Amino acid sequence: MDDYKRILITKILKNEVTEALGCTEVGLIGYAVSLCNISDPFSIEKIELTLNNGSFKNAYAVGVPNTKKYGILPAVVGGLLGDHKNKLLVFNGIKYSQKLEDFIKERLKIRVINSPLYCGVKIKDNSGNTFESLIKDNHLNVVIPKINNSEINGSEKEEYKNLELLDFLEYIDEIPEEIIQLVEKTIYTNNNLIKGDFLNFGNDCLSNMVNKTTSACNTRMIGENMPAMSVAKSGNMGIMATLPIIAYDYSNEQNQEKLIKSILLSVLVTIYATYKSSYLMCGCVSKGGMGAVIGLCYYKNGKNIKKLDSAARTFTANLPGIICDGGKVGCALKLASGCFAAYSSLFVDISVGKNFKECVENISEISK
């Protein structure tokens, strides 16, 4: 029950659980374009956007919220219309302009590079003035312009990646008030993404998990005007960490107290797995699904360390596809596979590590 640990986990939770309107690809472009703070978008002579291929491929299939359009072009226009103070909720309240879209299309150049996360914007004005913007790395830090920080150090995340599973189990038993509100907002937000049926096999627990997870994932993908609660700057890791648990709870006890603790443990595990991991390819399901299998195991078996280690082991052995196909449906399919692996891991015991910590570290080593 150390109070130093409680403040460290709280700061990391407040830093890694954030709202994002639209998928990372379009939202990141919109935020980077808004950071240039152009007063008159019609006074622009040239706009060059530099994106890495790893991320931003599949941006063509992503709906930009409040535009009724898909891809990079509407995301740039949306950024010119949005406010940088909104961060990844930049598309909120924007009034899409078809006039600005056609104006920008005949002025937009896209440069694609082969590198980790990168989103740079360079803009030439009709008066010679230049404006630059830059968001970099999977932690989405604004490099250009220099902004005031809520300020997690490298040593802080190093301390968190040395914590044990028991530390997260203790934390969920005495959750701060501010974190209870955050978890409840996460549950509400990600449950609101459930709309039309995407993959409904039956009425049982597993199919409700698959159907609700794939439905929330499709709602984001099509460009609906619903924010999502992302975990470690990934809206997919957010859905994967929360929706299989929200659906499991709906199919079982409908216990709001158990749901808060299981969702929180899942987010804590998802951040932990992300911090231990190195990026090169996807990981939404290997990290978010590990949070889900642990969170589901806590809902099902309580504070049982022998059960938790057995679910981590079975999940690591039944790990889904390394590479995601992308496109309009790829992520939804991987997330449905993640549901199956996380759910089925709660019924098989193996003999891939010897415990939760060794399992997360093993999945980290396979990222080569």
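One-based numbering along the sequence shown.
Participant: From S351 on to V352, does the model leave out none, 1 to 3, 4 to 9, or 10 or more residues of the deposited sequence?
Facilitator: Unresolved stretch here: 4 to 9 residues.
Participant: Which class fits the unmodelled deposited stretch between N149 and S150: none, 1 to 3, 4 to 9, or 10 or more?
Facilitator: The entry has a short gap there, with 1 to 3 residues left out between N149 and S150.
Participant: Mind pulling up the entry and telling me whether 54-62 or 40-48 has the higher mean Cα temperature factor?
Facilitator: Higher of the two, by average CA B-factor, is 40-48.
Participant: Using only C-alpha atoms and the B-factors in the entry, which stretch averages higher, 264-272 or 84-92?
Facilitator: Mean B over CA atoms: larger for 84-92.
Participant: Which one, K136, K212, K233, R107, has the peak C-alpha temperature factor per the PDB entry?
Facilitator: Out of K136, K212, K233, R107, the record gives the largest C-alpha B-factor to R107.
Participant: For the listed residues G238, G128, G289, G295, which one has the largest C-alpha B-factor as given in the deposited model?
Facilitator: It is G128.
Participant: By the record's CA B-factor, is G330 among the lowest, middle or highest third of residues in the chain?
Facilitator: For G330, the deposited C-alpha B-factor lands in the middle third.
Participant: What third of its chain's C-alpha B-factors does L73 belong to: lowest, middle or highest?
Facilitator: For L73, the deposited C-alpha B-factor lands in the middle third.
Participant: Tell me, lowest, middle or highest third: where does the Cα B factor of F198 rank within its chain?
Facilitator: For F198, the deposited C-alpha B-factor lands in the highest third.
Participant: Sorting the chain's modelled residues by C-alpha B-factor, tell me whether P176 ends up in the lowest, middle or highest third.
Facilitator: According to the entry, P176 has a C-alpha B-factor in the chain's highest third.
Participant: By its CA B factor, does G154 count among the lowest, middle or highest third of the modelled residues in the chain?
Facilitator: Tercile = highest for this residue's CA B-factor.
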